[PDB]
Amino acid sequence: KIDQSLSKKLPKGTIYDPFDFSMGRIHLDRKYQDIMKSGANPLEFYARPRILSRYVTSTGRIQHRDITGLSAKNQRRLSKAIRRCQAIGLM
Amino acid sequence: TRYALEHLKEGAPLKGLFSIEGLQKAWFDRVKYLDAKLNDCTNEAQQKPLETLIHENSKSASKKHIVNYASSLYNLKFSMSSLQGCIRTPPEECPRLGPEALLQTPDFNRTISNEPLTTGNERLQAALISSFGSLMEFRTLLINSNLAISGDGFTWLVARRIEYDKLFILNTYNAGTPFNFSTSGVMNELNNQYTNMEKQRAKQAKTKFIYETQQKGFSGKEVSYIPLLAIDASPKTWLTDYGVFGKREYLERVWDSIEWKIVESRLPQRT
Amino acid sequence: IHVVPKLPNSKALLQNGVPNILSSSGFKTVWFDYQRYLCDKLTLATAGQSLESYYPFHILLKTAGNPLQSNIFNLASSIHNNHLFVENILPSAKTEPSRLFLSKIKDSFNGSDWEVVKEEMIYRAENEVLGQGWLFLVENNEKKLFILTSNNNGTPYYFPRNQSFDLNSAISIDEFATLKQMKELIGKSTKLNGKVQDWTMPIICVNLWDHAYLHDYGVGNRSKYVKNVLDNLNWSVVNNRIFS
Amino acid sequence: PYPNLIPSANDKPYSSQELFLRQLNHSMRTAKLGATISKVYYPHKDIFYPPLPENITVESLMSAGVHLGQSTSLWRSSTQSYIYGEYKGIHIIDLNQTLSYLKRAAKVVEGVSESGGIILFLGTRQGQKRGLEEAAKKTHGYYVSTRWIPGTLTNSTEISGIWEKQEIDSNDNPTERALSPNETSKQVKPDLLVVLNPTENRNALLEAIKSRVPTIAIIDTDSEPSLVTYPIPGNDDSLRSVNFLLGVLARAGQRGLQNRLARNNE
Amino acid sequence: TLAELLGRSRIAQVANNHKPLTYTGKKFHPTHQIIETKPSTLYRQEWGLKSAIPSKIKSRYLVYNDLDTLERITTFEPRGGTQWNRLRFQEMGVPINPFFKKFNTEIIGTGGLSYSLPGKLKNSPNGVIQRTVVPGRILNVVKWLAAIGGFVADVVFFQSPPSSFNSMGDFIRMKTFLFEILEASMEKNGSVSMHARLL
Amino acid sequence: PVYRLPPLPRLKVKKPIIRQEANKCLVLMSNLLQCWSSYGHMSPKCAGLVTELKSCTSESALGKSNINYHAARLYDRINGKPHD
Amino acid sequence: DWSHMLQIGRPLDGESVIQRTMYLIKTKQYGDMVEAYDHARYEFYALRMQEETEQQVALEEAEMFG
Ligand SMILES: [Mg+2]
């Protein structure tokens, strides 16, 4: 067998080109690799530690907007919700 | 003669499909010539029927001409038998189509006029719908398949096999036979003979495997096809009446001229 | 757009056809309608594509090896053939075969006369072309003149598309071996398109299509038509077609 | 016709060269049989059969792609009056104005060639050499396509002073007179400069301004119109559009030259 | 006027789209119009776009998003691959009816992949072709998956895989097989699902 | 988000990283030494490696990026600077 | 003349459909753009099926003659 990284699995029902059978395709795939990214207000999840534990680190540090990819407003609301959750004995 | 038809008679037209000269040249002159050449080919032209001549002499380089001329006569006879003429204006009164006819869009996927069920052929209608999706699809495929033939040939509605499993449309060129069992595997047998000659004096594996498996049927070896209808794509039938630009007009007249009674009368029962 | 070429003396051609071969309504069927029909179809099949910039000879050479472009090839072939034929039966643009043409006949057809080769061409067209096709007298790279009969719209230039054998009916082992050799030679080419070199060029071309003889001769009698064609060739053109 | 070719013997086949000549004979006579091609664009014909300025339509300028201007994000707003609108993220050049300016510039070229002045065709983009050379050769003009040496006009003594010069008559016939060193050393300034890519040729435009040489240029959506005497609004990025406009100007110059020779032969 | 001609011009005929030119997800159908040039125009870098395409591009096909950009380049890829898939499908002969008798954006029938009608037989010098044989490539150990003619299809065996499969392993794709394309439908996403059988 | 830069004096990578292809000889040597560690010294189970090693190191024991050039060549074209 | 879809000098593509649709609208043979567009679509399918059958039959006939 060979390492799965070095191989490319062409999905089912998809068209392909001969290029797809090449290291170029895998390399191009590597280089070019939710609830809050929506109309939902993150400040309504302040009592739901499971949901907003996805937007923190293993130690609990809120993730930068560069990571979360949220809008500025939803980043601010999410940070407020996480801090409030930390204060009220959850989180 | 054994070739003579009933609804076709010298000195008369086929109603809206052919004119007097058109039918004279499409049917009578052509049958006369083919007979006059098949008699040269063999003396069995009267001793035996056409299909017996086609099948017995099949796959014969030496007896090629018998097969060619018998096949052409049989195909032409079938095609002109299936027709009855239509009510559309006679082809000789109508003006001949010019180059502009090439720019007209066909309406085979919008309109349909002459159907099996209209004349009382419910079984043929149902079989065609089961085999070709719809009657409009069948008409489109038939007319396009015949119109696509550049030179001499026929388009055959054919029931695969007395029982039929499914209907199909097939094309034969230059007196080809709609029947498949007689001539199936011929090139493979010739390849085996050629290879044996070489032995006396793997690509073989791939080529012969592909040949045999392509010709291999579904749970059988020989796949037979039973003609139901025939359309003549030869220039010899439509040039005189419709001109260079009028093959499609001729095919539309043919569709309006089909007698579905005979076609249903030819159906191999059912499986 | 591909347009039908203007012929020399078109008015006389429309008034009295070609003397000794075609009537006015026969030449109109074979050229002024068939060539127009073919050029319109080629235009519709190649417009908006690269092939629209190429002459039919170049189109048929480009598309000869591509199976899916066969229809275009057919059109591009027939058009080309139909002008090779018309050109060498037109009254003018008393012509006689050149010394070089007859010399090459004697060096190719077993030292036979031109009339004997004409009869051989009649026979070849009569037998090996059932239905539509073309009759050619062609020159190979070996300076050898031989008779070639194509079915439908085969070309004389490119041997894998000669279409000289009717595979609808039975064939002799000689023909099958010829096809096998040609297939092997095609496979022998290194070019990715899979094309081969073929320097065969047509010297004489006769249109065996129903558009040429049917109106003026009938369902039979194509042998009479071919005889009239070969007895009344424009030998200025045919002599110019042979390399000096 | 074809010297130093040894034919083959009738017994033996054609040779490679004989095959070449044979297929040439075929190509000139029968290869073009079957149909004549009409209403199809051939790139070379813009250079060898450019139209006259009076026969140019908006449609032929548009088919050449002259109307396709730069991206709207690279707009130089001083070109506002030349623009027809924006479409698909680029500015469209008003081809009525392009046609008017092109006719004016073509008439300037024709007038300068008719007066026996020197015409210079400057274009330094990749595939512009063929059109520039042909424009120069049919106008009896001059061209540069490799690189514009800065100072070619304002420092002509240090750059162009060494290259040779020639006395010619009214019919442009070399007289073969011997020139003095003083005459050879003089500046020979163009009477007209036409630049196909003025954005990448600011040095030439500024030198023409200082050296007081009228100039023509193809002005795209990002180019400064006021830097040239006779602008032509149009696409300077497409070789087809550039060659169309250049061929028009070259034909106008050719007509001016033909008129000059005609009166000098009467 | 100039505006009417622009509306009818060939650039205007290409529908606006800004889908990524380097998509790495799943490809079910073409996303970009293929632009072609003749050899004569390619020799002069002419493609009917605003700007001359760089001479590095030797291919005669490309796809593009923007005629011009703030970066002073045209956003294009010199690829016309999706035409060869379509033609290869046309070579297979397997067919896939809404082509017969406010706006709906859903794909209609086949989205132009094939216009062949269902019931027709392929005559051959041997005889009527009973079934369609096509070369292909088994992809991975799994109904297996096969790369056939630019499409990924489902392989079903007569009885079981041969020894070559597990002998080669993940290099099974290196060797060419023969397949019978049983059928070919298309799903709502626009993806063709061919079912084949190894031979 | 797009972070456009101001007009730069240059566009240059300080230490461009390159494709250092590993020497085949060292890989073969590592595999052979692993084989000797596992299957014993002078084991017959990887004599092939020894052979291959001998074949590859026989004559010789051991058997640049262009980003800055293109960046300098293209910076003025792509930087999106406003017109003068 | 966009009374028909096929034009000499043009390919058959989406622009044929759309130009026919615009023609049908400006002649008021249809009032709604949707119906004119659908009519043009069905004519386009009619022509495409003919073209594809022509190609397939041409290849088949070519193989049958060697
Ligand atoms: Mg520009």
Side-chain angles (χ1 to χ4, degrees), chain A residues 1-11 14 16-33, chain B residues 202-203 205-206, chain C residues 190 192, chain E residues 22 24-25 56 58 78-79 81 135-142 144-148 150 152 155 160-178 198, chain F residues 12-71:
Chain A
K1 288 190 208 333
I2 62 170
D3 188 5
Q4 296 294 321
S5 74
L6 299 159
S7 193
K8 178 65 187 293
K9 269 153 197 203
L10 309 190
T14 57
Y16 72 89
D17 291 331
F19 171 72
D20 292 331
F21 296 122
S22 81
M23 293 313 221
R25 187 51 154 148
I26 297 89
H27 297 159
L28 196 70
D29 276 345
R30 313 217 192 121
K31 199 161 78 77
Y32 292 98
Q33 285 282 126
Chain B
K203 297 295 184 183
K206 287 292 299 304
Chain C
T190 194
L192 198 147
Chain E
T22 317
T24 57
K56 182 175 174 66
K58 306 302 187 294
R79 292 190 297 273
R137 292 182 177 283
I138 294 283
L139 292 167
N140 299 291
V141 182
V142 180
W144 285 50
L145 292 175
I148 300 164
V152 178
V155 183
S160 47
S163 62
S164 72
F165 280 33
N166 64 7
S167 171
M168 278 267 180
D170 312 335
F171 302 82
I172 186 58
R173 59 187 59 185
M174 293 304 285
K175 182 174 72 68
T176 315
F177 289 108
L178 269 53
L198 196 85
Chain F
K12 188 175 182 179
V13 176
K14 290 183 177 176
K15 275 230 181 163
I17 67 176
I18 60 169
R19 298 292 183 184
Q20 63 85 30
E21 294 294 328
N23 296 115
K24 293 187 286 185
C25 293
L26 302 173
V27 163
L28 294 174
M29 203 207 62
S30 299
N31 296 328
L32 171 57
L33 288 163
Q34 282 160 21
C35 168
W36 287 348
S37 53
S38 296
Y39 292 165
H41 177 50
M42 296 294 87
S43 179
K45 290 185 171 181
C46 60
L49 293 178
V50 167
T51 308
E52 182 65 26
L53 201 166
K54 284 175 173 176
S55 76
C56 183
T57 63
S58 167
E59 293 179 353
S60 169
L62 296 165
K64 293 187 286 185
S65 180
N66 302 278
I67 187 62
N68 288 350
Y69 168 81
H70 298 290

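A note on names: the letters A, B, ... follow the listed sequences, proteins ahead of strands, and every chain is numbered from 1. Only heavy atoms go into these numbers, but all of them, side chains included; no hydrogens, no water, no symmetry mates.
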## Note on the structure
Interatomic distance, CG@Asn166(E) vs CD1@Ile172(E), rounded to 0.5 Å, equals 9.0 Å

### Summary
For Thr24(E) and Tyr32(A) the tightest heavy-atom approach is OG1-O, 3.4 Å

### Query
For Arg137(E), does its backbone N or O pair with a side-chain atom of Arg173(E) as donor and acceptor, under 3.5 Å?
no

## Note on the structure
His41(F) meets the ring-ring contact (aromatic ring centres under 6.0 Å, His included) criterion, sequence neighbours left out, with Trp36(F)

### Task
Flag yes if more than 12 heavy atoms outside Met42(F) fall under 6.0 Å of its CE atom; otherwise flag no.
yes

### Query
Could you give the distance from CG (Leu10(A)) to CG (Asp17(A)), rounded to the nearest 0.5 Å?
10.5 Å

### Message
I'd like to know if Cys46(F) pairs up with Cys35(F) as a disulfide, counting it only when the SG to SG distance is below 2.5 Å.
### Response
yes

### Task
Kindly determine whether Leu32(F) and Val50(F) satisfy side chain to side chain contact (heavy atoms under 4.5 Å, CB included), including the steps that lead there.
CA-CA 7 Å; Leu32(F) 171 57; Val50(F) 167; 3.5 Å; yes

### Message
Please determine whether side chain to side chain contact (heavy atoms under 4.5 Å, CB included) holds for the pair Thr22(E) and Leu28(A), giving the CA-CA distance in whole Å, both sets of side-chain angles, and the decisive distance to 0.1 Å.
### Response
CA-CA 9 Å; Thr22(E) 317; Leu28(A) 196 70; 3.8 Å; yes

### Inter-residue atom distance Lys12(F).NZ - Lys14(F).NZ, 0.5 Å rounding
11.0 Å

### Query
Do any N or O atoms from the side chain of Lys8(A) and from the backbone of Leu6(A) form a donor-acceptor pair under 3.5 angstrom?
no

### Message
Please determine whether the number of non-hydrogen atoms from other residues, nucleotides or ligands lying under 6.0 Å from atom NZ of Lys45(F) exceeds 12.
### Response
no

#### Entry: Verdict with reasoning, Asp170(E) to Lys1(A), per salt bridge (charged side-chain N to carboxylate O under 4.0 Å, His left out)
CA-CA 6 Å; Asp170(E) 312 335; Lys1(A) 288 190 208 333; 5.6 Å; no

### Query
Nearest heavy-atom pair of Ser7(A) and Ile26(A): which atoms, and what distance?
O-CG1, 4.2 Å

### Task
Hey, could you give me the CG/NZ distance between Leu145(E) and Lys9(A), rounded to the nearest 0.5 Å?
10.0 Å

### Task
Give a yes or no on whether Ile17(F) atom CD1 has more than 12 heavy-atom contacts from other residues, nucleotides or ligands under 6.0 Å away.
no

#### Entry: Minimal non-hydrogen separation, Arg25(A) against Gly25(E), with atom names
NH2-O, 4.4 Å

### Task
Begin with the C-alpha distance, continue with both residues' side-chain angles, and end with the deciding distance and a verdict on side chain to side chain contact (heavy atoms under 4.5 Å, CB included) for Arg30(A) and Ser5(A).
CA-CA 10 Å; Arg30(A) 313 217 192 121; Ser5(A) 74; 4.3 Å; yes

### Summary
Between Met29(F) and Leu53(F) the two heavy atoms that sit nearest each other are CA-CD1, 3.8 Å

### Query
To the nearest 0.5 Å, how far apart are CG in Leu28(F) and CG in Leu49(F)?
7.0 Å

### Query
Nearest 0.5 Å, what's the CE-CE distance between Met168(E) and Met174(E)?
8.0 Å

#### Entry: Shortest non-hydrogen contact from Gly40(F) toward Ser43(F)
O-CB, 3.2 Å

### Query
Counting only heavy atoms not in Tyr39(F), do more than 12 fall under 6.0 Å of its OH?
no

### Message
Looking at every heavy atom in both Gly63(F) and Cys25(F), which two are closest together, and how far apart are they?
### Response
N-SG, 3.3 Å

### Mutual orientation of the aromatic rings belonging to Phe21(A) and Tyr16(A) [parallel < 30°, tilted 30-60°, perpendicular > 60°]
perpendicular

